>>> print(open('protein25.cif').read())   # mmCIF, C-alpha atoms (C1' of nucleotides) and all ligand atoms
data_entry
#
loop_
_atom_site.label_atom_id
_atom_site.label_comp_id
_atom_site.auth_asym_id
_atom_site.auth_seq_id
_atom_site.Cartn_x
_atom_site.Cartn_y
_atom_site.Cartn_z
CA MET A 1 -44.10 -23.65 -23.84
CA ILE A 2 -45.64 -23.70 -20.37
CA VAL A 3 -43.19 -25.07 -17.79
CA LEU A 4 -44.23 -26.08 -14.27
CA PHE A 5 -41.36 -26.37 -11.77
CA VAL A 6 -41.66 -28.08 -8.38
CA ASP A 7 -39.24 -27.46 -5.50
CA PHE A 8 -39.69 -29.24 -2.17
CA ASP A 9 -39.56 -26.92 0.84
CA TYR A 10 -36.58 -27.42 3.22
CA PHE A 11 -36.65 -31.01 2.07
CA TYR A 12 -34.27 -32.87 4.39
CA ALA A 13 -35.55 -31.04 7.47
CA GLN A 14 -39.20 -31.40 6.42
CA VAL A 15 -38.88 -35.17 5.89
CA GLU A 16 -37.50 -35.48 9.43
CA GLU A 17 -40.44 -33.45 10.73
CA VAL A 18 -42.95 -35.64 8.87
CA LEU A 19 -41.35 -38.74 10.41
CA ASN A 20 -41.28 -37.07 13.85
CA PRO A 21 -44.12 -34.52 14.12
CA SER A 22 -42.94 -33.45 17.58
CA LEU A 23 -40.27 -31.54 15.62
CA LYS A 24 -42.96 -29.12 14.37
CA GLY A 25 -42.27 -25.53 15.40
CA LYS A 26 -38.67 -26.07 16.52
CA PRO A 27 -35.42 -25.14 14.74
CA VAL A 28 -34.20 -28.34 13.07
CA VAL A 29 -30.69 -28.62 11.61
CA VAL A 30 -29.66 -31.54 9.38
CA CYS A 31 -25.92 -32.11 9.70
CA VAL A 32 -23.18 -33.96 7.80
CA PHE A 33 -20.75 -35.19 10.46
CA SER A 34 -17.28 -35.77 9.03
CA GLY A 35 -16.18 -37.71 12.12
CA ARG A 36 -12.82 -35.95 12.45
CA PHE A 37 -13.72 -34.25 15.73
CA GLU A 38 -16.79 -33.50 17.84
CA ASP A 39 -19.35 -31.57 15.76
CA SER A 40 -17.00 -31.43 12.76
CA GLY A 41 -18.90 -31.09 9.51
CA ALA A 42 -21.34 -28.85 7.68
CA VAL A 43 -25.07 -28.16 7.68
CA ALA A 44 -26.94 -29.84 4.83
CA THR A 45 -30.05 -27.71 5.43
CA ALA A 46 -32.26 -26.33 8.18
CA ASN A 47 -35.94 -25.50 8.47
CA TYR A 48 -37.06 -21.88 8.41
CA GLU A 49 -37.24 -21.67 12.22
CA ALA A 50 -33.47 -22.25 12.26
CA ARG A 51 -32.77 -20.53 8.93
CA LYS A 52 -34.25 -17.24 10.17
CA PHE A 53 -31.33 -16.85 12.62
CA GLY A 54 -28.60 -17.49 10.04
CA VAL A 55 -28.36 -21.30 10.25
CA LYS A 56 -28.28 -22.15 6.54
CA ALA A 57 -26.72 -24.80 4.33
CA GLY A 58 -22.93 -24.95 4.08
CA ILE A 59 -21.91 -23.30 7.36
CA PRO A 60 -19.98 -25.38 9.92
CA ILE A 61 -21.94 -27.30 12.54
CA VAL A 62 -19.98 -25.67 15.37
CA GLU A 63 -20.98 -22.25 14.02
CA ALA A 64 -24.64 -23.30 13.97
CA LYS A 65 -24.43 -24.33 17.63
CA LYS A 66 -22.94 -20.96 18.61
CA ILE A 67 -26.04 -19.37 17.05
CA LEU A 68 -28.68 -21.92 18.14
CA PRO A 69 -27.26 -24.12 20.92
CA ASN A 70 -30.73 -25.53 21.73
CA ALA A 71 -31.80 -26.44 18.19
CA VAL A 72 -32.41 -30.05 17.15
CA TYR A 73 -29.36 -31.39 15.31
CA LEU A 74 -30.04 -34.53 13.27
CA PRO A 75 -27.60 -36.57 11.15
CA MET A 76 -28.33 -36.64 7.43
CA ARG A 77 -30.31 -39.75 6.43
CA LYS A 78 -30.10 -39.31 2.67
CA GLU A 79 -31.53 -42.72 1.74
CA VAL A 80 -34.67 -41.87 3.73
CA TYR A 81 -34.99 -38.58 1.85
CA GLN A 82 -34.25 -40.31 -1.45
CA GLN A 83 -37.05 -42.85 -0.99
CA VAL A 84 -39.50 -40.12 0.01
CA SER A 85 -38.35 -38.06 -2.98
CA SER A 86 -38.81 -40.94 -5.42
CA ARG A 87 -42.43 -41.39 -4.33
CA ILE A 88 -43.17 -37.69 -4.84
CA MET A 89 -41.62 -37.83 -8.31
CA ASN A 90 -43.92 -40.75 -9.16
CA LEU A 91 -46.85 -38.53 -8.18
CA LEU A 92 -45.57 -35.83 -10.54
CA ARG A 93 -45.49 -38.27 -13.47
CA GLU A 94 -49.30 -38.44 -13.38
CA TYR A 95 -49.58 -34.83 -14.64
CA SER A 96 -47.13 -34.81 -17.59
CA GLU A 97 -44.97 -37.44 -19.28
CA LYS A 98 -42.43 -34.78 -20.25
CA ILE A 99 -40.81 -34.46 -16.82
CA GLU A 100 -37.20 -33.56 -15.98
CA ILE A 101 -35.97 -34.63 -12.54
CA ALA A 102 -33.26 -32.06 -11.79
CA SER A 103 -32.19 -33.15 -8.29
CA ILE A 104 -33.42 -34.87 -5.13
CA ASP A 105 -36.12 -32.21 -4.66
CA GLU A 106 -36.60 -30.54 -8.07
CA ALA A 107 -38.59 -31.49 -11.16
CA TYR A 108 -39.59 -29.67 -14.36
CA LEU A 109 -42.88 -30.46 -16.11
CA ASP A 110 -43.79 -29.52 -19.68
CA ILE A 111 -47.54 -28.95 -19.37
CA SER A 112 -47.96 -27.32 -22.79
CA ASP A 113 -50.33 -30.10 -23.91
CA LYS A 114 -52.27 -30.21 -20.61
CA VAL A 115 -53.38 -26.58 -20.04
CA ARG A 116 -54.43 -23.69 -22.27
CA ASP A 117 -53.06 -20.59 -20.50
CA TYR A 118 -51.36 -19.50 -17.28
CA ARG A 119 -54.63 -19.40 -15.32
CA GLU A 120 -55.10 -23.12 -16.01
CA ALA A 121 -51.42 -23.84 -15.36
CA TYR A 122 -51.85 -22.01 -12.05
CA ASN A 123 -54.81 -24.23 -11.09
CA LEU A 124 -52.81 -27.32 -12.05
CA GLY A 125 -50.13 -26.14 -9.63
CA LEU A 126 -52.66 -26.02 -6.79
CA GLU A 127 -53.82 -29.52 -7.72
CA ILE A 128 -50.22 -30.74 -7.66
CA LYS A 129 -49.46 -29.07 -4.32
CA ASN A 130 -52.61 -30.48 -2.74
CA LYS A 131 -51.90 -33.97 -4.09
CA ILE A 132 -48.39 -34.02 -2.61
CA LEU A 133 -49.60 -32.67 0.73
CA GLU A 134 -52.37 -35.30 0.73
CA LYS A 135 -50.20 -38.31 -0.14
CA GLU A 136 -46.93 -37.50 1.66
CA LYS A 137 -47.75 -34.42 3.81
CA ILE A 138 -44.90 -32.47 2.18
CA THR A 139 -45.25 -28.80 1.23
CA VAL A 140 -43.66 -27.69 -2.05
CA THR A 141 -43.26 -24.58 -4.19
CA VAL A 142 -44.58 -24.26 -7.75
CA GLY A 143 -43.07 -21.98 -10.38
CA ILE A 144 -44.74 -21.47 -13.77
CA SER A 145 -43.40 -19.57 -16.79
CA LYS A 146 -42.53 -19.97 -20.48
CA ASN A 147 -39.17 -21.74 -20.01
CA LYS A 148 -37.26 -23.66 -17.35
CA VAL A 149 -35.08 -20.76 -16.19
CA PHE A 150 -37.96 -18.41 -15.38
CA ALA A 151 -40.03 -21.26 -13.94
CA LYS A 152 -37.26 -21.83 -11.39
CA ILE A 153 -36.96 -18.09 -10.75
CA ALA A 154 -40.73 -18.03 -10.16
CA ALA A 155 -40.38 -20.71 -7.47
CA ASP A 156 -37.49 -18.81 -5.86
CA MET A 157 -39.71 -15.72 -5.54
CA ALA A 158 -42.60 -17.44 -3.72
CA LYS A 159 -40.44 -20.13 -2.12
CA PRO A 160 -41.87 -21.11 1.31
CA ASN A 161 -45.00 -23.10 0.38
CA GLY A 162 -46.01 -20.95 -2.56
CA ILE A 163 -46.98 -20.79 -6.22
CA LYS A 164 -46.10 -18.02 -8.66
CA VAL A 165 -46.55 -17.25 -12.37
CA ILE A 166 -44.12 -15.12 -14.37
CA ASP A 167 -46.05 -14.16 -17.50
CA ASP A 168 -44.53 -12.81 -20.71
CA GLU A 169 -44.90 -9.24 -19.46
CA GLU A 170 -43.03 -9.87 -16.21
CA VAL A 171 -40.41 -11.89 -18.12
CA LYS A 172 -39.53 -8.72 -20.04
CA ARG A 173 -39.39 -6.65 -16.84
CA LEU A 174 -37.09 -9.21 -15.20
CA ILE A 175 -34.78 -9.09 -18.22
CA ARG A 176 -34.47 -5.36 -17.45
CA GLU A 177 -34.57 -5.34 -13.64
CA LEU A 178 -33.71 -8.77 -12.20
CA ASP A 179 -30.17 -8.77 -10.82
CA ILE A 180 -28.17 -11.10 -13.05
CA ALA A 181 -26.61 -12.90 -10.07
CA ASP A 182 -30.05 -14.43 -9.38
CA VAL A 183 -30.11 -16.12 -12.80
CA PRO A 184 -29.59 -19.89 -12.38
CA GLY A 185 -26.05 -20.81 -13.39
CA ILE A 186 -24.42 -17.54 -12.28
CA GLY A 187 -22.29 -18.11 -9.19
CA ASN A 188 -20.19 -15.56 -7.35
CA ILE A 189 -17.12 -15.99 -9.56
CA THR A 190 -19.11 -15.55 -12.77
CA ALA A 191 -21.21 -12.79 -11.17
CA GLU A 192 -18.15 -10.84 -10.04
CA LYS A 193 -16.92 -11.39 -13.60
CA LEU A 194 -20.09 -9.77 -14.90
CA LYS A 195 -19.85 -6.84 -12.46
CA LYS A 196 -16.30 -5.95 -13.47
CA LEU A 197 -17.68 -5.77 -17.02
CA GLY A 198 -20.48 -3.54 -15.70
CA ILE A 199 -23.22 -6.11 -16.38
CA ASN A 200 -25.87 -6.24 -13.64
CA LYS A 201 -28.98 -7.10 -15.70
CA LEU A 202 -29.61 -9.56 -18.52
CA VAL A 203 -30.27 -6.68 -20.94
CA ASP A 204 -26.67 -5.51 -20.47
CA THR A 205 -25.40 -8.58 -22.36
CA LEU A 206 -27.10 -7.33 -25.55
CA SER A 207 -25.19 -4.03 -25.67
CA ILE A 208 -21.74 -5.49 -24.97
CA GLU A 209 -19.66 -7.08 -27.71
CA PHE A 210 -19.92 -10.87 -27.74
CA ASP A 211 -16.20 -11.70 -27.76
CA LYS A 212 -15.55 -9.28 -24.89
CA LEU A 213 -18.15 -11.25 -22.93
CA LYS A 214 -17.22 -14.65 -24.38
CA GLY A 215 -13.49 -14.26 -23.81
CA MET A 216 -13.83 -14.38 -20.03
CA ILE A 217 -17.06 -16.12 -19.04
CA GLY A 218 -16.87 -18.63 -21.90
CA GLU A 219 -18.84 -19.25 -25.06
CA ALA A 220 -21.57 -21.34 -23.42
CA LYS A 221 -22.52 -18.94 -20.62
CA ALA A 222 -22.40 -16.03 -23.07
CA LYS A 223 -24.81 -17.67 -25.52
CA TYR A 224 -26.90 -18.79 -22.54
CA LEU A 225 -27.27 -15.29 -21.09
CA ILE A 226 -27.77 -13.67 -24.51
CA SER A 227 -30.58 -16.07 -25.44
CA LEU A 228 -32.22 -15.36 -22.07
CA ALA A 229 -31.86 -11.61 -22.62
CA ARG A 230 -33.42 -11.92 -26.10
CA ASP A 231 -36.37 -13.86 -24.60
CA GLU A 232 -35.43 -16.73 -26.93
CA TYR A 233 -34.27 -19.38 -24.45
CA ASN A 234 -36.36 -22.53 -24.82
CA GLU A 235 -34.49 -25.69 -23.84
CA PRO A 236 -36.89 -28.66 -23.83
CA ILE A 237 -37.77 -30.80 -20.84
CA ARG A 238 -35.49 -33.83 -21.03
CA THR A 239 -35.30 -37.09 -19.11
CA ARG A 240 -32.07 -36.93 -17.12
CA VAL A 241 -29.91 -40.05 -16.77
CA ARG A 242 -27.39 -40.58 -13.98
CA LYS A 243 -23.97 -40.35 -15.62
CA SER A 244 -21.66 -40.96 -12.64
CA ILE A 245 -21.77 -42.60 -9.21
CA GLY A 246 -19.14 -42.18 -6.52
CA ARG A 247 -18.29 -41.80 -2.85
CA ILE A 248 -15.63 -39.80 -1.01
CA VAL A 249 -14.82 -40.22 2.69
CA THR A 250 -12.91 -37.90 5.00
CA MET A 251 -9.89 -39.57 6.58
CA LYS A 252 -9.34 -39.26 10.32
CA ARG A 253 -6.08 -37.42 9.58
CA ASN A 254 -4.32 -36.03 6.53
CA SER A 255 -1.85 -38.46 5.00
CA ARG A 256 0.38 -39.24 2.03
CA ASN A 257 0.97 -42.86 3.09
CA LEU A 258 -0.37 -45.49 0.71
CA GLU A 259 -1.17 -48.20 3.27
CA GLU A 260 -2.98 -45.69 5.49
CA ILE A 261 -5.16 -44.31 2.68
CA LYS A 262 -6.01 -47.68 1.10
CA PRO A 263 -8.63 -48.72 3.72
CA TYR A 264 -10.61 -45.53 3.09
CA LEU A 265 -10.24 -45.96 -0.68
CA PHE A 266 -11.43 -49.57 -0.52
CA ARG A 267 -14.39 -48.60 1.67
CA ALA A 268 -15.37 -45.93 -0.87
CA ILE A 269 -15.18 -48.57 -3.62
CA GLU A 270 -17.41 -51.05 -1.78
CA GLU A 271 -20.05 -48.40 -1.09
CA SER A 272 -19.77 -47.03 -4.63
CA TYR A 273 -20.29 -50.51 -6.08
CA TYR A 274 -23.34 -51.03 -3.86
CA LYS A 275 -24.78 -47.77 -5.18
CA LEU A 276 -24.14 -48.92 -8.76
CA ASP A 277 -27.03 -51.43 -8.44
CA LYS A 278 -26.79 -53.16 -11.79
CA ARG A 279 -24.98 -50.67 -14.09
CA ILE A 280 -21.53 -51.71 -15.30
CA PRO A 281 -19.05 -48.80 -15.45
CA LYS A 282 -16.23 -48.73 -17.97
CA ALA A 283 -14.32 -45.82 -16.39
CA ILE A 284 -13.02 -45.34 -12.85
CA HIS A 285 -11.73 -42.11 -11.31
CA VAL A 286 -9.84 -41.87 -8.03
CA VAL A 287 -10.57 -38.47 -6.48
CA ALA A 288 -8.50 -36.91 -3.69
CA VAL A 289 -9.38 -33.78 -1.71
CA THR A 290 -6.14 -32.16 -0.54
CA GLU A 291 -5.42 -30.18 2.64
CA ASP A 292 -6.62 -26.94 1.02
CA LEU A 293 -9.89 -28.63 -0.05
CA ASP A 294 -8.66 -28.69 -3.66
CA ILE A 295 -9.70 -31.59 -5.89
CA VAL A 296 -7.22 -33.85 -7.71
CA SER A 297 -8.40 -36.72 -9.88
CA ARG A 298 -6.85 -39.51 -11.96
CA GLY A 299 -8.98 -41.76 -14.16
CA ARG A 300 -8.90 -44.72 -16.52
CA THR A 301 -11.46 -46.16 -18.95
CA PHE A 302 -11.58 -49.73 -20.25
CA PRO A 303 -12.98 -51.33 -23.42
CA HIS A 304 -15.12 -53.44 -21.05
CA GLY A 305 -16.95 -53.23 -17.76
CA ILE A 306 -15.01 -52.90 -14.52
CA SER A 307 -15.32 -55.73 -12.02
CA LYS A 308 -14.97 -54.96 -8.32
CA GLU A 309 -11.58 -56.68 -8.24
CA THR A 310 -10.37 -54.66 -11.23
CA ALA A 311 -11.64 -51.52 -9.49
CA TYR A 312 -9.60 -52.46 -6.42
CA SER A 313 -6.25 -52.94 -8.17
CA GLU A 314 -6.72 -50.09 -10.66
CA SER A 315 -7.64 -47.59 -7.93
CA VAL A 316 -4.36 -48.27 -6.11
CA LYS A 317 -2.40 -47.57 -9.29
CA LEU A 318 -4.40 -44.38 -9.85
CA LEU A 319 -3.86 -43.38 -6.21
CA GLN A 320 -0.09 -43.83 -6.58
CA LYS A 321 -0.35 -41.60 -9.65
CA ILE A 322 -1.89 -38.89 -7.46
CA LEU A 323 0.84 -39.13 -4.81
CA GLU A 324 3.42 -38.88 -7.61
CA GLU A 325 2.15 -35.83 -9.50
CA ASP A 326 0.99 -33.86 -6.44
CA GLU A 327 2.65 -33.29 -3.08
CA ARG A 328 -0.18 -31.83 -0.98
CA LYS A 329 -1.40 -34.18 1.73
CA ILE A 330 -4.77 -35.82 1.08
CA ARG A 331 -7.73 -35.04 3.34
CA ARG A 332 -10.57 -36.90 1.57
CA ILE A 333 -10.12 -39.89 -0.74
CA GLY A 334 -12.79 -41.42 -2.92
CA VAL A 335 -13.76 -42.93 -6.25
CA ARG A 336 -16.18 -42.21 -9.09
CA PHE A 337 -17.56 -44.53 -11.78
CA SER A 338 -19.03 -43.54 -15.14
CA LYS A 339 -19.51 -44.68 -18.76
CA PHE A 340 -22.11 -47.32 -17.99
CA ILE A 341 -22.85 -50.23 -20.32
"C1'" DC B 1 -8.99 -39.47 19.54
"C1'" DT B 2 -11.70 -35.18 19.45
"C1'" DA B 3 -8.11 -30.78 15.45
"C1'" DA B 4 -11.57 -23.64 11.86
"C1'" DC B 5 -15.53 -27.40 8.91
"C1'" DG B 6 -19.71 -32.35 3.94
"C1'" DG B 7 -20.93 -35.03 0.25
"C1'" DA B 8 -22.76 -35.68 -4.52
"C1'" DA B 9 -23.51 -34.55 -9.13
"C1'" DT B 10 -23.45 -31.84 -13.65
"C1'" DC B 11 -21.57 -29.16 -17.60
"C1'" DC B 12 -17.98 -26.31 -19.54
"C1'" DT B 13 -13.15 -25.06 -20.49
"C1'" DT B 14 -8.31 -25.84 -21.50
"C1'" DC B 15 -4.77 -28.77 -23.47
"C1'" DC B 16 -3.52 -32.31 -26.38
"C1'" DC B 17 -3.72 -36.20 -29.87
"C1'" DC B 18 -5.53 -36.86 -34.07
"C1'" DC B 19 -7.96 -36.69 -38.89
"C1'" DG C 1 -9.84 -26.22 -38.52
"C1'" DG C 2 -12.40 -29.26 -35.73
"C1'" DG C 3 -13.75 -34.05 -33.35
"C1'" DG C 4 -12.96 -36.31 -29.12
"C1'" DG C 5 -10.83 -37.50 -24.55
"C1'" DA C 6 -8.37 -36.32 -19.60
"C1'" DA C 7 -8.36 -33.20 -15.94
"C1'" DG C 8 -9.59 -28.82 -13.59
"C1'" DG C 9 -13.26 -25.42 -12.42
"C1'" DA C 10 -17.60 -23.48 -11.61
"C1'" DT C 11 -22.30 -24.27 -10.13
"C1'" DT C 12 -25.85 -26.19 -7.52
"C1'" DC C 13 -28.29 -29.19 -4.51
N1 LIG D 401 -25.20 -27.09 0.10
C1 LIG D 401 -26.25 -27.94 0.15
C2 LIG D 401 -27.51 -27.52 -0.26
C3 LIG D 401 -28.58 -28.40 -0.20
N2 LIG D 401 -28.40 -29.65 0.24
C4 LIG D 401 -29.53 -30.58 0.31
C5 LIG D 401 -30.40 -30.22 1.51
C6 LIG D 401 -31.72 -29.75 0.92
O1 LIG D 401 -32.82 -30.27 1.67
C7 LIG D 401 -31.72 -30.26 -0.51
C8 LIG D 401 -32.36 -29.24 -1.44
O2 LIG D 401 -31.74 -27.99 -1.18
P1 LIG D 401 -32.46 -26.61 -1.59
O3 LIG D 401 -31.42 -25.73 -2.25
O4 LIG D 401 -33.75 -26.89 -2.32
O5 LIG D 401 -32.75 -25.99 -0.14
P2 LIG D 401 -33.94 -26.50 0.83
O6 LIG D 401 -34.96 -27.31 0.07
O7 LIG D 401 -33.31 -27.10 2.06
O8 LIG D 401 -34.56 -25.07 1.25
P3 LIG D 401 -35.72 -24.34 0.40
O9 LIG D 401 -36.99 -24.71 1.13
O10 LIG D 401 -35.34 -22.88 0.47
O11 LIG D 401 -35.60 -24.93 -0.98
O12 LIG D 401 -30.35 -30.45 -0.86
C9 LIG D 401 -27.12 -30.07 0.65
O13 LIG D 401 -26.94 -31.23 1.07
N3 LIG D 401 -26.07 -29.21 0.60
CA CA D 402 -36.05 -27.03 -1.97
CA CA D 403 -34.07 -27.35 -4.85
CA CA D 404 -26.27 -16.75 -7.79
#
>>> encode(input="protein25.cif", output="structure tokens")
Amino acid sequence: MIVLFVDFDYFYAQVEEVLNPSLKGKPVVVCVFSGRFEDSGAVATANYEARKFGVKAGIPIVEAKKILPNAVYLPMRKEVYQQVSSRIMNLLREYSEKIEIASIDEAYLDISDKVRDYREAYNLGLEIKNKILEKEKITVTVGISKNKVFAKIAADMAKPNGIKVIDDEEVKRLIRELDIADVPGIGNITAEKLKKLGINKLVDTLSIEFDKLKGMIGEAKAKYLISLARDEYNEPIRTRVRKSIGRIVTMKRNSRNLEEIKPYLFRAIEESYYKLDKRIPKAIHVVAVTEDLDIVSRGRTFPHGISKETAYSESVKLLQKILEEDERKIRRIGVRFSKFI
DNA sequence: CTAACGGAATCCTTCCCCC
DNA sequence: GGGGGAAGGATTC
């Protein structure tokens, strides 16, 4: 295979800068205001002018303002970014019909039938970058390799407005030398689980016994890392289908009172049903985020589609079920729909 | 009514019913 | 022994 991976640079911030070019050159921070108090919330992303000083995704807004009090702080306008993203994905369809849309700013392309070698795949990456910059004035990063995992790693290496090829020779070096925490799918809890086993590179998984690795990171991640270490990973590019749609809102104050939580729950249902847009779900899940930011969920699936009225009455019964079987106060309450007709 | 923090989505694992 | 579902967990954007 020859996989071409596209990753939009600082997407949310860059879209805001395209829509307001006076933002060019300044630190821009895209925020998710929870509404509980002034500047409560987290940073969705920031451009590289702000990211260079430690303002990155996930950190609290009030911590970003202690670092950069004079940066531009904009509220997240996800529907604007989604519509811009959808147009860029339509541009990517013109280069390969095997395309896998991974997220709002990521897409894999199987270009095995469109180029002969990596030099031609490289040139196709330039043509794709120039086409996106010409149509939407958005800079992206191209990663090219023999599978999806190393194509994404390639884009991570040359990230800010770049293009990078990891050939079969560098693939083997990375199996020996790339720190295993930088492999997609290995978070801190799985990484620290590899370290305590002594595994720091992919090649280490081939010397260890399988069950000693399986019995503690799981069968799937063990097979996944072993196949990568053997240079035998080759999952195909697949069209991804949205499997669930939901919405969770932060309440103004923690509560275990039914009548106080119900307005937030009903608002989450209305917005979730608007996002359904056609699509008839057969399962509904009420999801509560407790004081300690833990996640509790109670669900129910029907032999038929779920009307909005049925979603209303069933969510209350599922919410009562959460107050019964857990005693932590709820901080965020929401709903999720799945199993579409 | 401004309080040390968002919101959304996937896949995998554990437990349990069931054949 | 294993298919299949409910709920938690880990990951990532
Ligand atoms: N914890 C996070 C991480 C990301 N995002 C959003 C903001 C990003 O614009 C988009 C894609 O995130 P990336 O991981 O691709 O990061 P960026 O595109 O912002 O930066 P980079 O240019 O390094 O990819 O997802 C978010 O809401 N919350
Ligand atoms: Ca990106
Ligand atoms: Ca991305
Ligand atoms: Ca990691």
>>> interface_residues(input="protein25.cif", of="chain A", to="chain C", cutoff="8 Å", atoms="only C-alpha atoms (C1' of nucleotides)", output="number ranges by chain")
A: 103-104, 185-187, 189, 297-299
>>> residues_around(input="protein25.cif", residues="residue 196 of chain A", least_positions_apart="6", cutoff="12 Å", atoms="all atoms listed in the file", output="VMD selection string")
chain A and resid 189 to 190 212 to 213 216 to 217
>>> interface_residues(input="protein25.cif", of="chain A", to="chain B", cutoff="6 Å", atoms="only C-alpha atoms (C1' of nucleotides)", output="list in words")
residues 32, 37, 38, 40, 41, 42 and 60 of chain A
>>> residues_near_ligand(input="protein25.cif", ligand="ligand CA 404 (chain D)", cutoff="8 Å", atoms="only C-alpha atoms (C1' of nucleotides) and all ligand atoms", output="list in words")
residues 180, 181, 182, 183, 184, 185, 186, 187, 188 and 191 of chain A
>>> atom_distance(input="protein25.cif", atom1="atom CA of residue 323 of chain A", atom2="atom CA of residue 308 of chain A")
22.6 Å
>>> atom_distance(input="protein25.cif", atom1="atom CA of residue 59 of chain A", atom2="atom CA of residue 105 of chain A")
20.6 Å
>>> residues_near_ligand(input="protein25.cif", ligand="ligand LIG 401 (chain D)", cutoff="9 Å", atoms="all atoms listed in the file", output="VMD selection string")
(chain A and resid 7 to 15 30 to 32 42 to 48 56 to 59 76 78 81 103 to 106 140 to 141 156 159 to 161) or (chain B and resid 6 to 8) or (chain C and resid 12 to 13)
>>> closest_residue(input="protein25.cif", among="A:290, A:130, A:85, A:320", to="residue 250 of chain A", atoms="all atoms listed in the file")
A:290
>>> residues_around(input="protein25.cif", residues="segment 271-287 of chain A", least_positions_apart="2", cutoff="8 Å", atoms="all atoms listed in the file", output="MDAnalysis selection string")
chainID A and resid 245:248 267:269 289 295:306 308 311 315 318:319 333:341
